[PDB]
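Colleague: Sharing coords-v1.cif, mmCIF, C-alpha atoms:
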data_structure
loop_
_atom_site.group_PDB
_atom_site.id
_atom_site.type_symbol
_atom_site.label_atom_id
_atom_site.label_comp_id
_atom_site.auth_asym_id
_atom_site.auth_seq_id
_atom_site.Cartn_x
_atom_site.Cartn_y
_atom_site.Cartn_z
ATOM 1 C CA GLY H 1 -8.147 21.249 13.190
ATOM 2 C CA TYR H 2 -8.499 17.758 11.750
ATOM 3 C CA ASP H 3 -10.400 18.324 8.438
ATOM 4 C CA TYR H 4 -9.722 14.987 6.725
ATOM 5 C CA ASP H 5 -12.581 12.974 5.259
ATOM 6 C CA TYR H 6 -11.900 9.248 5.654
ATOM 7 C CA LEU H 7 -9.580 7.240 7.896
ATOM 8 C CA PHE H 8 -8.414 3.725 7.009
ATOM 9 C CA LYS H 9 -6.393 1.305 9.097
ATOM 10 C CA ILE H 10 -3.809 -0.829 7.319
ATOM 11 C CA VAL H 11 -1.917 -3.614 9.056
ATOM 12 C CA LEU H 12 1.626 -4.651 8.183
ATOM 13 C CA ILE H 13 1.963 -8.335 8.943
ATOM 14 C CA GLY H 14 4.724 -10.892 8.515
ATOM 15 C CA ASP H 15 7.273 -12.961 10.364
ATOM 16 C CA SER H 16 9.759 -11.310 12.690
ATOM 17 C CA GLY H 17 12.978 -10.073 11.162
ATOM 18 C CA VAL H 18 11.630 -9.822 7.618
ATOM 19 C CA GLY H 19 12.293 -6.092 7.684
ATOM 20 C CA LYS H 20 8.919 -4.399 8.051
ATOM 21 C CA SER H 21 9.834 -1.514 10.374
ATOM 22 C CA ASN H 22 12.788 -0.225 8.363
ATOM 23 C CA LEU H 23 10.486 -0.438 5.338
ATOM 24 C CA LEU H 24 7.881 1.658 7.208
ATOM 25 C CA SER H 25 10.163 4.530 8.384
ATOM 26 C CA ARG H 26 11.572 5.509 4.933
ATOM 27 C CA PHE H 27 8.278 6.152 3.051
ATOM 28 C CA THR H 28 5.986 7.748 5.720
ATOM 29 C CA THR H 29 5.830 10.311 8.607
ATOM 30 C CA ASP H 30 7.396 8.475 11.566
ATOM 31 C CA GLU H 31 8.860 8.907 15.058
ATOM 32 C CA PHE H 32 6.332 11.708 15.812
ATOM 33 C CA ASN H 33 5.865 11.089 19.575
ATOM 34 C CA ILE H 34 5.186 7.302 19.447
ATOM 35 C CA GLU H 35 6.504 5.784 22.715
ATOM 36 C CA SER H 36 8.137 2.846 20.786
ATOM 37 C CA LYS H 37 7.368 -0.792 19.685
ATOM 38 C CA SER H 38 7.105 -3.909 22.018
ATOM 39 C CA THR H 39 6.222 -1.721 25.048
ATOM 40 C CA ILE H 40 2.547 -2.217 24.010
ATOM 41 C CA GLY H 41 3.318 -3.956 20.681
ATOM 42 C CA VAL H 42 2.173 -3.075 17.104
ATOM 43 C CA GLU H 43 3.575 0.482 16.559
ATOM 44 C CA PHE H 44 1.253 2.968 14.728
ATOM 45 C CA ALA H 45 2.413 5.269 11.861
ATOM 46 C CA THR H 46 0.320 7.781 9.824
ATOM 47 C CA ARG H 47 0.194 8.778 6.097
ATOM 48 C CA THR H 48 -2.030 11.518 4.549
ATOM 49 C CA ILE H 49 -2.874 11.368 0.820
ATOM 50 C CA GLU H 50 -5.791 12.701 -1.188
ATOM 51 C CA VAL H 51 -7.862 10.776 -3.740
ATOM 52 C CA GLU H 52 -10.550 12.160 -6.104
ATOM 53 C CA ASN H 53 -10.834 15.477 -4.189
ATOM 54 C CA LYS H 54 -11.333 13.658 -0.896
ATOM 55 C CA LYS H 55 -8.686 13.734 1.874
ATOM 56 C CA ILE H 56 -7.598 10.265 3.143
ATOM 57 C CA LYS H 57 -5.836 9.540 6.481
ATOM 58 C CA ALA H 58 -4.164 6.091 6.700
ATOM 59 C CA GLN H 59 -2.844 4.523 9.949
ATOM 60 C CA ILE H 60 -0.250 1.727 9.409
ATOM 61 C CA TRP H 61 0.019 -0.764 12.329
ATOM 62 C CA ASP H 62 3.254 -2.826 11.947
ATOM 63 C CA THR H 63 2.240 -6.014 13.851
ATOM 64 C CA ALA H 64 5.038 -7.373 16.109
ATOM 65 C CA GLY H 65 5.634 -11.136 16.525
ATOM 66 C CA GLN H 66 7.182 -12.245 19.859
ATOM 67 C CA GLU H 67 4.893 -15.262 20.642
ATOM 68 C CA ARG H 68 4.008 -13.393 23.907
ATOM 69 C CA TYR H 69 1.693 -10.951 22.015
ATOM 70 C CA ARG H 70 0.107 -13.645 19.757
ATOM 71 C CA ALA H 71 -3.243 -13.484 21.651
ATOM 72 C CA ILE H 72 -3.082 -9.623 21.648
ATOM 73 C CA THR H 73 -2.492 -9.436 17.837
ATOM 74 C CA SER H 74 -5.776 -11.314 17.078
ATOM 75 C CA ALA H 75 -7.816 -8.508 18.694
ATOM 76 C CA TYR H 76 -5.764 -5.938 16.765
ATOM 77 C CA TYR H 77 -6.870 -7.246 13.369
ATOM 78 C CA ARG H 78 -10.508 -6.510 14.305
ATOM 79 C CA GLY H 79 -11.898 -3.896 11.948
ATOM 80 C CA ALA H 80 -8.709 -3.870 9.859
ATOM 81 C CA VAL H 81 -9.527 -2.868 6.313
ATOM 82 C CA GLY H 82 -6.168 -2.580 4.493
ATOM 83 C CA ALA H 83 -3.437 -5.131 4.738
ATOM 84 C CA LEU H 84 0.108 -5.800 3.627
ATOM 85 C CA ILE H 85 1.954 -9.090 4.012
ATOM 86 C CA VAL H 86 5.685 -8.434 3.834
ATOM 87 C CA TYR H 87 8.240 -11.118 2.998
ATOM 88 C CA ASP H 88 11.962 -11.022 2.300
ATOM 89 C CA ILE H 89 13.616 -12.684 -0.659
ATOM 90 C CA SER H 90 16.856 -13.496 1.207
ATOM 91 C CA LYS H 91 15.414 -15.796 3.875
ATOM 92 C CA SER H 92 13.016 -18.535 2.811
ATOM 93 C CA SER H 93 10.959 -19.786 5.746
ATOM 94 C CA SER H 94 8.743 -16.679 5.885
ATOM 95 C CA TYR H 95 7.111 -17.733 2.617
ATOM 96 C CA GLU H 96 6.075 -21.065 4.158
ATOM 97 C CA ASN H 97 3.769 -19.199 6.587
ATOM 98 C CA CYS H 98 2.967 -16.190 4.329
ATOM 99 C CA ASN H 99 -0.064 -18.250 3.165
ATOM 100 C CA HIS H 100 -0.869 -18.882 6.881
ATOM 101 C CA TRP H 101 -0.773 -15.079 7.502
ATOM 102 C CA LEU H 102 -3.163 -14.611 4.523
ATOM 103 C CA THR H 103 -5.513 -17.293 5.963
ATOM 104 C CA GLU H 104 -5.433 -15.755 9.451
ATOM 105 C CA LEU H 105 -6.056 -12.297 7.989
ATOM 106 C CA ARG H 106 -8.937 -13.380 5.742
ATOM 107 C CA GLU H 107 -10.357 -14.490 9.060
ATOM 108 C CA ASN H 108 -11.746 -11.758 11.395
ATOM 109 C CA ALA H 109 -10.490 -8.598 9.670
ATOM 110 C CA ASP H 110 -13.526 -7.196 7.854
ATOM 111 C CA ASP H 111 -16.083 -8.489 5.399
ATOM 112 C CA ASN H 112 -13.662 -7.636 2.583
ATOM 113 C CA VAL H 113 -10.036 -6.469 2.657
ATOM 114 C CA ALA H 114 -7.428 -5.653 0.008
ATOM 115 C CA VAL H 115 -4.196 -7.442 0.843
ATOM 116 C CA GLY H 116 -0.917 -6.425 -0.729
ATOM 117 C CA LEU H 117 2.248 -8.542 -0.871
ATOM 118 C CA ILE H 118 5.647 -6.937 -0.786
ATOM 119 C CA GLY H 119 9.184 -8.265 -1.167
ATOM 120 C CA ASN H 120 11.567 -6.397 1.094
ATOM 121 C CA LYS H 121 15.389 -6.314 0.742
ATOM 122 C CA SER H 122 15.708 -6.695 -3.043
ATOM 123 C CA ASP H 123 19.131 -5.066 -2.516
ATOM 124 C CA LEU H 124 20.191 -8.717 -1.971
ATOM 125 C CA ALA H 125 18.524 -9.751 -5.285
ATOM 126 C CA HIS H 126 21.383 -12.230 -5.940
ATOM 127 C CA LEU H 127 20.436 -13.883 -2.592
ATOM 128 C CA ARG H 128 16.906 -14.829 -3.812
ATOM 129 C CA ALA H 129 15.418 -17.425 -1.385
ATOM 130 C CA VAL H 130 12.208 -17.734 -3.513
ATOM 131 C CA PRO H 131 11.677 -16.886 -7.248
ATOM 132 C CA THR H 132 9.671 -13.689 -7.896
ATOM 133 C CA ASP H 133 7.544 -15.392 -10.546
ATOM 134 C CA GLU H 134 6.170 -17.897 -8.029
ATOM 135 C CA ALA H 135 5.169 -15.139 -5.603
ATOM 136 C CA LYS H 136 3.762 -13.158 -8.536
ATOM 137 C CA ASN H 137 1.648 -16.189 -9.484
ATOM 138 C CA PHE H 138 0.548 -16.741 -5.860
ATOM 139 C CA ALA H 139 -0.569 -13.120 -5.811
ATOM 140 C CA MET H 140 -2.425 -13.642 -9.123
ATOM 141 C CA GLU H 141 -4.743 -16.362 -7.837
ATOM 142 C CA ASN H 142 -5.225 -14.588 -4.514
ATOM 143 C CA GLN H 143 -6.320 -11.106 -5.822
ATOM 144 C CA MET H 144 -3.351 -9.321 -4.298
ATOM 145 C CA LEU H 145 -1.268 -6.295 -5.367
ATOM 146 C CA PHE H 146 2.425 -7.516 -5.679
ATOM 147 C CA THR H 147 5.586 -5.387 -5.125
ATOM 148 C CA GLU H 148 9.413 -5.786 -4.995
ATOM 149 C CA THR H 149 11.080 -3.133 -2.752
ATOM 150 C CA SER H 150 14.855 -2.353 -2.925
ATOM 151 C CA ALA H 151 14.821 -0.743 0.596
ATOM 152 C CA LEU H 152 17.295 1.769 -0.943
ATOM 153 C CA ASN H 153 14.681 3.213 -3.395
ATOM 154 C CA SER H 154 11.337 4.348 -1.847
ATOM 155 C CA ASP H 155 9.527 5.032 -5.172
ATOM 156 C CA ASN H 156 8.169 1.437 -5.534
ATOM 157 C CA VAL H 157 6.656 1.188 -1.991
ATOM 158 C CA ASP H 158 5.204 4.759 -2.241
ATOM 159 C CA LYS H 159 3.542 3.828 -5.592
ATOM 160 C CA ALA H 160 2.150 0.627 -3.978
ATOM 161 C CA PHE H 161 0.552 2.621 -1.114
ATOM 162 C CA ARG H 162 -1.072 5.124 -3.527
ATOM 163 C CA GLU H 163 -2.650 2.304 -5.618
ATOM 164 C CA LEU H 164 -3.706 0.307 -2.527
ATOM 165 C CA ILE H 165 -5.522 3.353 -1.119
ATOM 166 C CA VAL H 166 -7.173 3.790 -4.559
ATOM 167 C CA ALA H 167 -8.476 0.191 -4.636
ATOM 168 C CA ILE H 168 -9.610 0.349 -1.015
ATOM 169 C CA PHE H 169 -11.101 3.794 -1.705
ATOM 170 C CA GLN H 170 -13.441 2.902 -4.600
ATOM 171 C CA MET H 171 -14.357 -0.136 -2.416
ATOM 172 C CA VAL H 172 -15.725 2.212 0.321
ATOM 173 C CA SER H 173 -16.181 5.383 -1.873
ATOM 174 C CA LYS H 174 -19.612 6.452 -0.497
ATOM 175 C CA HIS H 175 -21.583 8.391 -3.163
ATOM 176 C CA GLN H 176 -21.564 12.205 -2.646
ATOM 177 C CA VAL H 177 -23.447 14.830 -4.720
ATOM 178 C CA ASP H 178 -23.144 18.492 -3.659
ATOM 179 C CA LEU H 179 -23.171 21.022 -0.810
ATOM 180 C CA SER H 180 -23.558 24.257 -2.818
ATOM 181 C CA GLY H 181 -26.265 26.065 -0.721
ATOM 182 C CA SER H 182 -27.340 28.904 -3.021
ATOM 183 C CA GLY H 183 -31.117 29.453 -2.952
ATOM 184 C CA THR H 184 -32.186 32.751 -1.378
ATOM 185 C CA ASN H 185 -35.281 34.951 -1.687
ATOM 186 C CA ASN H 186 -38.140 36.305 0.454
ATOM 187 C CA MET H 187 -37.109 39.571 2.134
ATOM 188 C CA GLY H 188 -40.467 41.252 2.836
ATOM 189 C CA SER H 189 -42.208 43.243 5.574
ATOM 190 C CA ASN H 190 -44.569 40.399 6.571
ATOM 191 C CA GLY H 191 -48.267 41.200 6.132
ATOM 192 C CA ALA H 192 -49.138 38.050 8.055
ATOM 193 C CA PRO H 193 -52.617 36.716 8.790
ATOM 194 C CA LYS H 194 -53.061 33.631 10.965
ATOM 195 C CA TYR I 1 32.743 -58.196 -31.332
ATOM 196 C CA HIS I 2 29.482 -60.152 -31.154
ATOM 197 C CA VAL I 3 26.591 -60.138 -28.664
ATOM 198 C CA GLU I 4 23.957 -62.776 -29.358
ATOM 199 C CA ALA I 5 20.781 -62.272 -27.318
ATOM 200 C CA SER I 6 21.794 -61.861 -23.663
ATOM 201 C CA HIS I 7 25.561 -62.394 -23.576
ATOM 202 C CA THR I 8 27.368 -59.395 -22.146
ATOM 203 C CA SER I 9 30.846 -58.608 -23.429
ATOM 204 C CA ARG I 10 32.877 -56.198 -21.313
ATOM 205 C CA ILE I 11 34.795 -53.914 -23.631
ATOM 206 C CA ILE I 12 38.148 -52.940 -22.147
ATOM 207 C CA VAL I 13 38.844 -49.458 -23.521
ATOM 208 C CA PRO I 14 42.282 -48.009 -22.710
ATOM 209 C CA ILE I 15 42.641 -44.254 -22.224
ATOM 210 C CA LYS I 16 45.094 -41.961 -20.486
ATOM 211 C CA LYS I 17 44.663 -39.834 -17.387
ATOM 212 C CA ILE I 18 44.131 -36.092 -17.310
ATOM 213 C CA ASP I 19 46.575 -33.567 -15.906
ATOM 214 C CA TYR I 20 45.349 -31.299 -13.124
ATOM 215 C CA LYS I 21 47.861 -28.587 -14.047
ATOM 216 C CA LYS I 22 46.609 -28.634 -17.652
ATOM 217 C CA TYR I 23 42.842 -28.383 -17.266
ATOM 218 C CA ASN I 24 41.155 -26.362 -14.577
ATOM 219 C CA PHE I 25 38.294 -28.448 -13.217
ATOM 220 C CA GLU I 26 37.092 -25.760 -10.897
ATOM 221 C CA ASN I 27 35.481 -23.564 -13.748
ATOM 222 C CA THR I 28 31.859 -22.267 -13.839
ATOM 223 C CA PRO I 29 29.989 -25.469 -12.764
ATOM 224 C CA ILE I 30 26.971 -27.262 -14.361
ATOM 225 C CA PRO I 31 26.575 -24.535 -17.077
ATOM 226 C CA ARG I 32 22.867 -23.945 -17.968
ATOM 227 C CA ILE I 33 21.717 -24.666 -21.581
ATOM 228 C CA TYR I 34 20.176 -21.147 -21.848
ATOM 229 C CA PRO I 35 21.358 -18.080 -19.864
ATOM 230 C CA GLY I 36 19.252 -16.104 -17.323
ATOM 231 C CA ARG I 37 16.538 -17.797 -15.127
ATOM 232 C CA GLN I 38 15.490 -17.002 -11.491
ATOM 233 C CA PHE I 39 19.031 -17.050 -9.965
ATOM 234 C CA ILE I 40 17.945 -18.730 -6.666
ATOM 235 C CA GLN I 41 20.448 -19.586 -3.864
ATOM 236 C CA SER I 42 22.269 -22.925 -4.477
ATOM 237 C CA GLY I 43 21.321 -24.134 -0.949
ATOM 238 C CA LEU I 44 24.404 -26.436 -0.849
ATOM 239 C CA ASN I 45 27.812 -26.246 0.945
ATOM 240 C CA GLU I 46 30.766 -24.841 -1.100
ATOM 241 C CA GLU I 47 32.709 -28.129 -0.551
ATOM 242 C CA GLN I 48 29.700 -30.096 -1.954
ATOM 243 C CA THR I 49 29.735 -27.737 -4.969
ATOM 244 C CA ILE I 50 33.410 -28.711 -5.513
ATOM 245 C CA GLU I 51 32.714 -32.444 -5.662
ATOM 246 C CA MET I 52 29.601 -31.939 -7.806
ATOM 247 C CA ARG I 53 31.717 -29.947 -10.290
ATOM 248 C CA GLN I 54 34.357 -32.682 -10.439
ATOM 249 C CA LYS I 55 31.808 -35.509 -10.749
ATOM 250 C CA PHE I 56 30.150 -33.719 -13.647
#
Starting from the coordinates I provided, produce the structure as structure tokens.
Modeller:
Amino acid sequence: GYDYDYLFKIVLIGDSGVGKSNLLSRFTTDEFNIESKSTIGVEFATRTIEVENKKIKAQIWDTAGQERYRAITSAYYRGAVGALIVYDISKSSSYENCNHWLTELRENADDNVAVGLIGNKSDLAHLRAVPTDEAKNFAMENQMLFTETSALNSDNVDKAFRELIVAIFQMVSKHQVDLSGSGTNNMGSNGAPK
Amino acid sequence: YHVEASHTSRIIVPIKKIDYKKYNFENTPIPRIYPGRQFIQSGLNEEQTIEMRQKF
């Protein structure tokens, strides 16, 4: 059937050409029967983990920037609870508007979100457009999880997703107690009197 | 020499040249005092890097 317990939606946001979609395909189920990207914009991918003996279903919506869909993207951040700003260390002008993406996403997403920040294409570490310690600091006074992804090793990004779903889980972890259902008696022949 | 309170005195120091086939002046440029650091892109043209190396 379906049988999962919770379902989160997590946007991937950034500038175009920073390498979000190639980052998405390697670590998660992909190319199921999705028509494509740009036909409607913002492709959807799914990931199924379990936390604390609860099953979690996560939908990742890699936002697409083409200027034409800018009005459409606003409506797609409505209700968005998990977030990931991706930036590349090779090019440098994405980091000038990474703060703008954070501002636009603090606006009209939820009451509270948990935004990660991830450096794609660390295979070109020598070509470092921005120092990692500055982005690490900018994550530190913005309450953000910070990652550096090789794009050739998927362990880092997979670890980031597991910890992000943990922090967003405890945030919404509704209290649960028990569903045991063992209390049985009263098998008589009913000498009733009304 | 003698310089009193404002009087400049241009010292004329004679030296020789240097030989371009004796020293290489295209070696690792502007060496850092301590090794390591961020290792960010230079952000300058290779030709500019040549003249900055010579002028240092």
Colleague: Within 7 Å of chain H, which residues of chain I show up when using all atoms listed in the file, listed as a ChimeraX atom specification?
Modeller: /I:38-41
Colleague: Mind writing the picked residues with C-alpha atoms as a compact mmCIF listing (two decimals), in the coordinates of the input?
Modeller:
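File produced: selection_35.txt:
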# COMPACT_ATOMS: atom_id res chain seq x y z
CA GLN I 38 15.49 -17.00 -11.49
CA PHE I 39 19.03 -17.05 -9.96
CA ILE I 40 17.94 -18.73 -6.67
CA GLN I 41 20.45 -19.59 -3.86
Colleague: May I have the residues within 10 Å of residue H:171 as a ChimeraX atom specification, using only C-alpha atoms and disregarding those fewer than 3 positions away in the same chain?
Modeller: /H:112-114,165-168,174
Colleague: Mind listing as a ChimeraX atom specification all residues within 12 Å of (27.9, -25.0, -12.6), counting only C-alpha atoms?
Modeller: /I:25-33,35,42,46,48-56
Colleague: Using C-alpha atoms, can you export the residues from the last selection as a PDB file, in the coordinates of the input?
Modeller:
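Writing done, so here's selection03.pdb:
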ATOM      1  CA  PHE I  25      38.294 -28.448 -13.217  1.00  0.00           C
ATOM      2  CA  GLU I  26      37.092 -25.760 -10.897  1.00  0.00           C
ATOM      3  CA  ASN I  27      35.481 -23.564 -13.748  1.00  0.00           C
ATOM      4  CA  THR I  28      31.859 -22.267 -13.839  1.00  0.00           C
ATOM      5  CA  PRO I  29      29.989 -25.469 -12.764  1.00  0.00           C
ATOM      6  CA  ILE I  30      26.971 -27.262 -14.361  1.00  0.00           C
ATOM      7  CA  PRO I  31      26.575 -24.535 -17.077  1.00  0.00           C
ATOM      8  CA  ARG I  32      22.867 -23.945 -17.968  1.00  0.00           C
ATOM      9  CA  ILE I  33      21.717 -24.666 -21.581  1.00  0.00           C
ATOM     10  CA  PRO I  35      21.358 -18.080 -19.864  1.00  0.00           C
ATOM     11  CA  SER I  42      22.269 -22.925  -4.477  1.00  0.00           C
ATOM     12  CA  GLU I  46      30.766 -24.841  -1.100  1.00  0.00           C
ATOM     13  CA  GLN I  48      29.700 -30.096  -1.954  1.00  0.00           C
ATOM     14  CA  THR I  49      29.735 -27.737  -4.969  1.00  0.00           C
ATOM     15  CA  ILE I  50      33.410 -28.711  -5.513  1.00  0.00           C
ATOM     16  CA  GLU I  51      32.714 -32.444  -5.662  1.00  0.00           C
ATOM     17  CA  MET I  52      29.601 -31.939  -7.806  1.00  0.00           C
ATOM     18  CA  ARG I  53      31.717 -29.947 -10.290  1.00  0.00           C
ATOM     19  CA  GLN I  54      34.357 -32.682 -10.439  1.00  0.00           C
ATOM     20  CA  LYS I  55      31.808 -35.509 -10.749  1.00  0.00           C
ATOM     21  CA  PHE I  56      30.150 -33.719 -13.647  1.00  0.00           C
TER      22      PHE I  56
END
Colleague: Need the shell around residue H:123: protein/DNA/RNA residues with any atom at most 10 Å away, counting only C-alpha atoms. Skip same-chain ones fewer than 5 positions apart. Format as a ChimeraX atom specification?
Modeller: /H:89-90,149-153
Colleague: So the first atom is atom CA of residue H:74 and the second is atom CA of residue H:59; what is the distance between them in Å, to one decimal place?
Modeller: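 The value is 17.6 Å.
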Colleague: Given the PyMOL selection byres ((chain H and resi 43) around 6) and the file above, list the residues it selects as an MDAnalysis selection string.
Modeller: chainID H and resid 37 42 44 61:62
Colleague: So which residues get picked by the PyMOL selection byres ((chain H and resi 76) around 9) here, written as a list in words?
Modeller: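 Output of the PyMOL selection byres ((chain H and resi 76) around 9): residues 11, 42, 61, 63, 72, 73, 74, 75, 77, 78, 79, 80 and 109 of chain H.
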Colleague: Keeping only C-alpha atoms, write the selected residues as an mmCIF file, in the frame of the given file.
Modeller:
data_model
loop_
_atom_site.group_PDB
_atom_site.id
_atom_site.type_symbol
_atom_site.label_atom_id
_atom_site.label_comp_id
_atom_site.auth_asym_id
_atom_site.auth_seq_id
_atom_site.Cartn_x
_atom_site.Cartn_y
_atom_site.Cartn_z
ATOM 1 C CA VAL H 11 -1.917 -3.614 9.056
ATOM 2 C CA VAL H 42 2.173 -3.075 17.104
ATOM 3 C CA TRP H 61 0.019 -0.764 12.329
ATOM 4 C CA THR H 63 2.240 -6.014 13.851
ATOM 5 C CA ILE H 72 -3.082 -9.623 21.648
ATOM 6 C CA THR H 73 -2.492 -9.436 17.837
ATOM 7 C CA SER H 74 -5.776 -11.314 17.078
ATOM 8 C CA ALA H 75 -7.816 -8.508 18.694
ATOM 9 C CA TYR H 77 -6.870 -7.246 13.369
ATOM 10 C CA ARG H 78 -10.508 -6.510 14.305
ATOM 11 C CA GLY H 79 -11.898 -3.896 11.948
ATOM 12 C CA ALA H 80 -8.709 -3.870 9.859
ATOM 13 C CA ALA H 109 -10.490 -8.598 9.670
#
Colleague: Name the closest residue to residue H:120 among the candidates H:4, H:27, H:32, H:87; distances are taken between atoms, counting only C-alpha atoms.
Modeller: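 When distances to residue H:120 are compared using only C-alpha atoms, the smallest one comes from H:87.
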Colleague: Enter the distance from atom CA of residue H:176 to atom CA of residue H:51, in Å, rounded to one decimal.
Modeller: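 Computing it gives 13.8 Å between the two atoms.
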